[PDB]
Amino acid sequence: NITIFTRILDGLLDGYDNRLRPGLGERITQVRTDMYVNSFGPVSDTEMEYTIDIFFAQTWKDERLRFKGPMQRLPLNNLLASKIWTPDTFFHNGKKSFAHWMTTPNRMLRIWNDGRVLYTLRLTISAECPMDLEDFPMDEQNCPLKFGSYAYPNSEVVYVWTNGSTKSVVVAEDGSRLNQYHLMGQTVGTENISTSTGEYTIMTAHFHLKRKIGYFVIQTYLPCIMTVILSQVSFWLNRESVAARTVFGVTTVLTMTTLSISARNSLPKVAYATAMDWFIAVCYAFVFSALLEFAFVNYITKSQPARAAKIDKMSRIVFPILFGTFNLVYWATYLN
Amino acid sequence: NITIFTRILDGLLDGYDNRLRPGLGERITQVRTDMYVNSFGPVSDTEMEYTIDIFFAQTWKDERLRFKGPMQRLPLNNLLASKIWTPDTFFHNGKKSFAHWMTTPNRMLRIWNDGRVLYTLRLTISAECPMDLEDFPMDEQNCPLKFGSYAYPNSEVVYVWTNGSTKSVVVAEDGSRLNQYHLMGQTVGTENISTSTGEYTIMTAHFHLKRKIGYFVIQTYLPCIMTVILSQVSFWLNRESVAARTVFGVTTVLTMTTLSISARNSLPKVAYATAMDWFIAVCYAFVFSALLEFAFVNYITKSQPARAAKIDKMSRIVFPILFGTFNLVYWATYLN
Amino acid sequence: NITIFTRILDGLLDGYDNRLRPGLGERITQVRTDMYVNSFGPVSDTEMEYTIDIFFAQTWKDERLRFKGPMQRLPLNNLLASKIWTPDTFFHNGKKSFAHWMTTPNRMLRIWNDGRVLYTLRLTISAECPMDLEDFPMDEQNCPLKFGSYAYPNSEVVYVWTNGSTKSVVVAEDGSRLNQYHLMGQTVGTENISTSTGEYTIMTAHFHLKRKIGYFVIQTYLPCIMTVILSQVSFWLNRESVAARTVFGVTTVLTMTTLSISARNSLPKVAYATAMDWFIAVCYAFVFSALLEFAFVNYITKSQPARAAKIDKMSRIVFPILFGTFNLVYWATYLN
Amino acid sequence: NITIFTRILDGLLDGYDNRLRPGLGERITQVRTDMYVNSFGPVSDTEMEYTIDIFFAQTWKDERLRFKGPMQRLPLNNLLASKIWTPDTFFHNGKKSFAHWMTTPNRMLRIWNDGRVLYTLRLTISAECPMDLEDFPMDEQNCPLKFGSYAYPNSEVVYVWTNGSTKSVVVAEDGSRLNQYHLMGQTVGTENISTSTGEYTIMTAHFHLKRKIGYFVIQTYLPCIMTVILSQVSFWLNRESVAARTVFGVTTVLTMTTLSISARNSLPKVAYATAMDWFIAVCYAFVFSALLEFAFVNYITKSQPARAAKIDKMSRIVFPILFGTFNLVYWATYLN
Amino acid sequence: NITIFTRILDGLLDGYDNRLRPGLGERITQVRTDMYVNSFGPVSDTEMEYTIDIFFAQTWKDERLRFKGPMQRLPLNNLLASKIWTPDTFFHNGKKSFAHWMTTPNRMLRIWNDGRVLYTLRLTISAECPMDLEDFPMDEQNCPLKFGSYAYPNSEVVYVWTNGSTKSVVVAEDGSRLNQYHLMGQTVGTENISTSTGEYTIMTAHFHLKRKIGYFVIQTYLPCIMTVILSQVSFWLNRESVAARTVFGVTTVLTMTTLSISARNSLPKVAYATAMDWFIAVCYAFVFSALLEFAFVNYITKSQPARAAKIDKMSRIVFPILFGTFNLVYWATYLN
Ligand SMILES: Cc1onc(-c2ccc(F)cc2)c1COc1ccc(C(=O)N2CCS(=O)(=O)CC2)cn1
Ligand SMILES: Cc1onc(-c2ccc(F)cc2)c1COc1ccc(C(=O)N2CCS(=O)(=O)CC2)cn1
Ligand SMILES: Cc1onc(-c2ccc(F)cc2)c1COc1ccc(C(=O)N2CCS(=O)(=O)CC2)cn1
Ligand SMILES: Cc1onc(-c2ccc(F)cc2)c1COc1ccc(C(=O)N2CCS(=O)(=O)CC2)cn1
Ligand SMILES: Cc1onc(-c2ccc(F)cc2)c1COc1ccc(C(=O)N2CCS(=O)(=O)CC2)cn1
Ligand SMILES: *[C@@H]1O[C@H](CO)[C@@H](O)[C@H](O)[C@H]1NC(C)=O
Ligand SMILES: *[C@@H]1O[C@H](CO)[C@@H](O)[C@H](O)[C@H]1NC(C)=O
Ligand SMILES: *[C@@H]1O[C@H](CO)[C@@H](O)[C@H](O)[C@H]1NC(C)=O
Ligand SMILES: *[C@@H]1O[C@H](CO)[C@@H](O)[C@H](O)[C@H]1NC(C)=O
Ligand SMILES: *[C@@H]1O[C@H](CO)[C@@H](O)[C@H](O)[C@H]1NC(C)=O
């Protein structure tokens, strides 16, 4: 009773050329693509790449695979995949893509009576996601995923998403978990590209990433904020304590300097200033300005002591207000 | 006398199709799985992955492999594995799995007269273990291991553990050794998942991890604890020693700042506060508060010296008690 | 209607030897090469290598592949690539080159009636780009890309660019994006090399890189500049404040020392001085010189106080002017 | 005259089944193993693994390979290795093992008239070496190397070392060179293991490693020792110099704190204290105790100056003696 | 006219056994080896390995490949390489060697009428270069490159360099470029090794490396030199400035301590002292000695001030002279 299936498979492969696409010279091959994201891999800001594991599925029609039998479907595995024609789908932005081969090559092949073919493949794509870190860390990124045929132009093979956008791309509930990003949603699109080898249709999927803040607050902002407050303590010490107030200014200035270096160690070596850089720069000004106030005060503490006390007394109020005021503008500007 | 074995193997492969599962269109294929963990690989908290080396064994029934001979069993190797049908088992959460091929592909194949087949394979799985580091380092993790068929739905292939849970999964005595985790135990479960390609049965194995503390005590807590004690020494110095007490406060505050940065370098860049972070924050408050006490004392050391001495004298007792009291609450809360 | 294509392909391969180049012993095989750079990978200054992803295309004439049919072209895939002769093109400067195999080997093969063959391949080349970091970071680099035949000398196989230089090499608009380099343009050239195995023609492509400054300004120059300004503040303090002015000089000198170490951590370990190194060295002299001025002033503050005040007063003006003057010369020299 | 060899090889493979072990169902296959260690690779303490490159040789008897000819031996290469039966030897503790394939697969095959077979293979094994770092760096490690059959139990295949232990395992004179270990010697053993798949014989080789000290002396101990001596200098300064003695105590305490952090950066993150940790802890006590002495002295320098001088004078002698005494006990205890 | 070549190749392979070396049982196979180093890869001091890319060429005589035709030579590619016998050459010291496969396997095969065969292969060898870092950084290294047959002893296969030493090994002009080494020259040698499997001839190539200094001068020596000079500035300050001179001594001592730690971070963790270590140790003595001078001076500044001034005045001259004198001896000793 099982030998019947063997006869069907042998019959289909008989007089079958896998080097020729279905409907060659008669029509245009149409491929339906659906994607399921098992896990949205880590996003490497330094390398401008993001890893992703998906179950890529393609569907098309091949009249050469029509068959008649008790079962309307023929579940199979990778063994028969190489014996038939499959699209040469590839990822344009994929810097390095590898498959999964354990325990068995993770591929599926199903065939219906009408000749419809389902080809499912598991992939891990290390794609490239260029980013504009001008509003970092209050930045939103749109990492794309482009794929299409390598050898068959639009005139021969066309890719189209199946059903609506929601069914076209699906992300696992636990897969969309990252340490420094929120997966707001996904979008799908298409576009034709003209090349020296002809026109090709491109299927594009974009993932909306909203960076989650809180790591940089504990790592960069808070040390900068508390460092500024530490400098302002010098305003409450007597002028004659030259050495004491010198330690506050010098130590704080160096502390802010190393924080800027440390902050950008993890950040990509971009040749432009970010929002965090401006915040550090302003904080650097406050600590440096406090030291200048002490130097100016200590320079005139003899000739005109009266103004020296007023400046020191006034500075106790002005500096905290300006720094507090700056934060409201800074946070409101980038959080709105 | 040895040629008889050759005839049996040749006979079994004659008229044998490896593209068809046993009992196709007649019943549901049942697979029994047993796992032995040779060594529980390192757990990468930063990458939320854990490596594991196992001897994965699958058992099923294939009536096409029945034979009669002097021996009831036919020990073999990987040579015949590709000549017969094997399940397309794969790991859903396996980010990257590779086999061992030296000296010979580490696979075993045994066949009995009744047609029962044993297929053993050695694997190294780099699975993903999402973690909730809210109670870190007093956190317990449950790293799973999910596997199942890729192409054969529940209606065709079903996986079930063999014997009891203890025999189903086994961990070597020396294998369960990690630098920062205790392998409390293992659990096994099953569940059906509905997909666009049909329903699939999933075999799940969970490993209970109890983080072992002592590295962070020597690396993070103790430096923080001793740093706080160092700051409190300033309370025992005379007020007029402005520079001396300034060094204690400034140096300690910066020391705590760098400890927080250093502590999170190894820790994953999670966007939320951990138990260790709160401990550091409280320790930061004590050192910062001590400096504020000195500044306040030095500010009123002229107008009202009487209160200045009382505050300094009182602070010698209050600060150690509060810090000691906090530790009891902190340790008891997270250790109970 | 589709079986006709099968007959053509079978006919071409009949009596076809892929071990022999077309026109062997009758003429010289001519290959036309065109390159499209999908993305100019990162440039590793430390390893003197740059990654690049290209769609390498080769065109040549093979009279053995002539055919007659309704279609003037035969789009195909990698399946037939191994069944015919292709040039043994390789990259001389490619330290490690790997192909892309997912979902299908990214190769294309097209054949015309006249026998013209188009062979397109996707590659990721980790080539070597030696650099002369004498004007770093104001340095311009010319990273080459050399390729040619491995076994067929100039007398048998010759490579020539197709059409003009612009069409010969093309770079994607978004591909030419780097964090620390600007892709000014590309150039193409040729040259014959004499070897023990014969003369070979070499096709060379050079990419002009103009390093973009701004990361080192925020990371190295500014901390050095502000550190120097910090030292000059000591000139505005009274001489009797020995400890206060000592902190400025000592802290600044050490700060500059660690900046030099930190700056070269990312920079390659080249055994010669760069422009940035000279800038740091000069900045180190200013901070060190300021400390020497204080030591000299403090040494003569008793015997001849009159000159001590003049030196301290004069130093307040001389030092800022010289440092400001140096920057104009430094920046103008390397930016012109 | 050379065609005779071709006939012999063709004859042996005729009617030969590589899926069946020699002497199947008639006796037990006996395998003789000899190992030569070309180079003992680096030992990764952090990953608890050690690399090793060996020329693994196996010898066994196969009556099916008997032949008669002018030559008593048939040197060969990897070409015939896959055409005959070879044991499925694998390394139980090998986390990742790979072969060498350049220029040609590094394998040898020799056959004698009697049917004896020699199979030599070159391997690079990244095995796991669990370590007990309780006496670190005065610790001795015993890294094992376990291998055996994967599919053939003890009842079918048995491994035994050839000749004595010295000939069984050999290490190259220059191979046994490590930066932080001495290869004292090697030992070989055997043991039977019972599994669900049957009993298997295990061949075990242990390498005795004696860690060589001198890097940690220059990196950890000496900075700690000199730091303690630096703190004791404060005892020779006058009490009224409050700021001066404060710098010694504060700087030394922080210096010891960072040394402990730095020391464990390279060391594995083990959750227990090592001998080096105790040495650092004691050194931390001395520096911290010195600061406490100054604080206590400065606290009573007014009411009872007489005792203050005695304590400071006495401390100059007590502290060096105790620290010197501790070293003798510490070094003697762990070096004996 | 091209079919003639096909007949020749088919004829040669007819009745050809690739498992047998040429001249088997009749003479000894002689192989001529020539090497061209395209680029001398980076030298990893930490891992004691150096990468190298070469075009390895082997020449030998095979009477079975004699042919008659219009052309005296048959240029070919890797396609025919596997169809004939090639030596099993391998690198004894090669820890990991991989080939280049893009665009086509980089191999060449040429055959003459007499039967002479040329086999050229491109390789990237990560060999091991043990080093004696006793004179580091004034050290000269001799990195070898050993290769020979794996299965064919000296009695069957013998390797000999072709022509003179200069032609035997060739290094590209631009290939011999390293950041911290000078490629002085190359030497070639031979030697027979006795093994359990027989005697084998070994072809050895040594590369003379002269480390180029200048990176460590800017990274280690200069900071140490300037740090010592900074300490000597304390001798020019008044004794009563206890805090001021304390900062110089304490800061300098710690600065030297961290420099030693930083210097060895890149250096391999060798368990012995290098020349740089001695230089740092001496520099550490000068800074530490200066602090001791201040402590001794401050201890006797009351009882016998006269000697205190003399010591401080004398130290201003003695210390610079000794440090300057030491450098001349140090540099002359290791540079001569
Ligand atoms: C020389 C060559 O030979 N065969 C091909 C080729 C063409 C199309 C294929 F599908 C496969 C291969 C080529 C390159 O031709 C291209 C390809 C893409 C684009 C293009 O528009 N983009 C670059 C990729 S992208 O950034 O994803 C979107 C923008 C421009 N020219
Ligand atoms: C597009 C597509 O084509 N073939 C498949 C497919 C289905 C089942 C297979 F066994 C193999 C392949 C798919 C994806 O369909 C899925 C798969 C799993 C889940 C699911 O429930 N989970 C995701 C994996 S998980 O996190 O381990 C548990 C939760 C949801 N949809
Ligand atoms: C021993 C050997 O056997 N077959 C070959 C060989 C020759 C040419 C091939 F195309 C392939 C292989 C060799 C090396 O012969 C060479 C090769 C290149 C150069 C040369 O001029 N350069 C080195 C590469 S480069 O830096 O890109 C440009 C400068 C000098 N000698
Ligand atoms: C489920 C399964 O299926 N086939 C096998 C299997 C058995 C023996 C083989 F030689 C190959 C494969 C298994 C695991 O069975 C084992 C294996 C080893 C040990 C054991 O005693 N140790 C673990 C490895 S160890 O740490 O080196 C020494 C201690 C215990 N149970
Ligand atoms: C057990 C075994 O079975 N077949 C072999 C074998 C022998 C020779 C081969 F050419 C290939 C394989 C072996 C090891 O036998 C050896 C090999 C080399 C040396 C030796 O003298 N040295 C080690 C390599 S070295 O450091 O480069 C120079 C010093 C000593 N014994
Ligand atoms: C691509 O080409 C097809 C040709 O039928 C056309 O229908 C489609 O609208 C084109 N897509 C775009 C985005 O222009
Ligand atoms: C999965 O489906 C099978 C169908 O027989 C059922 O017996 C089993 O209970 C299901 N498992 C779960 C967890 O629902
Ligand atoms: C290389 O050789 C060919 C031989 O025809 C010659 O035409 C060409 O000019 C040569 N190229 C160079 C750069 O000399
Ligand atoms: C292993 O089993 C064999 C069976 O013959 C026995 O001879 C040998 O002593 C056993 N080894 C050990 C260590 O028990
Ligand atoms: C190696 O053996 C051969 C045998 O002919 C001999 O000629 C040669 O001199 C030997 N080489 C050395 C270095 O002893």
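For ligands, and for the atoms within them, numbers begin at 1 and follow the listed sequence. Chain naming here is simple, since letters A, B, ... match the order of the sequence lines and numbering starts at 1 in each.
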Contact residues of ligand 5 with a heavy-atom cut-off of under 4.0 Å? D:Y36, D:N38, D:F55, D:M108, D:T120, D:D174, E:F90, E:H92, E:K146, E:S149, E:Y150, E:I193, E:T195, E:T197, E:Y200
E:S39 backbone acceptor or donor facing E:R177 side chain under 3.5 Å: no
Holding to side-chain hydrogen bond (donor to acceptor under 3.5 Å, both in side chains), I want the full list of residues that pass it with C:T29, two or more places apart in sequence or in another chain. C:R21
Donor-acceptor contact present, side-chain D:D88 to main-chain D:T86, <3.5 Å: no
Considering residues, nucleotides and ligands other than D:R110, do more than 12 of their heavy atoms fall under 6.0 Å from its CZ? yes
In terms of relative ring orientation, are E:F55 and C:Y150 parallel, tilted or perpendicular, with 30° and 60° separating the classes? tilted
Report yes or no: do D:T103 and E:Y119 form a side-chain donor-acceptor pair below 3.5 Å? no
Pairwise, report which nitrogen or oxygen atoms of ligand 9 are under 3.5 angstrom from protein nitrogen or oxygen atoms, and how far apart they are.
from     : atom 1 : to     : atom 2 : distance (Å)
ligand 9 : 2 (O)  : D:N154 : ND2    : 3.3
ligand 9 : 2 (O)  : D:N192 : ND2    : 2.3
ligand 9 : 11 (N) : D:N192 : ND2    : 2.9

Taking side-chain hydrogen bond (donor to acceptor under 3.5 Å, both in side chains) as the test, write out the residues that go with C:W161, two or more places apart. none
If you count heavy atoms of other groups shown closer than 6.0 angstrom to CZ of C:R19, is the number above 12? yes
Please check: side-chain N/O of D:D53 versus main-chain N/O of D:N38, any donor-acceptor pairing under 3.5 Å? no
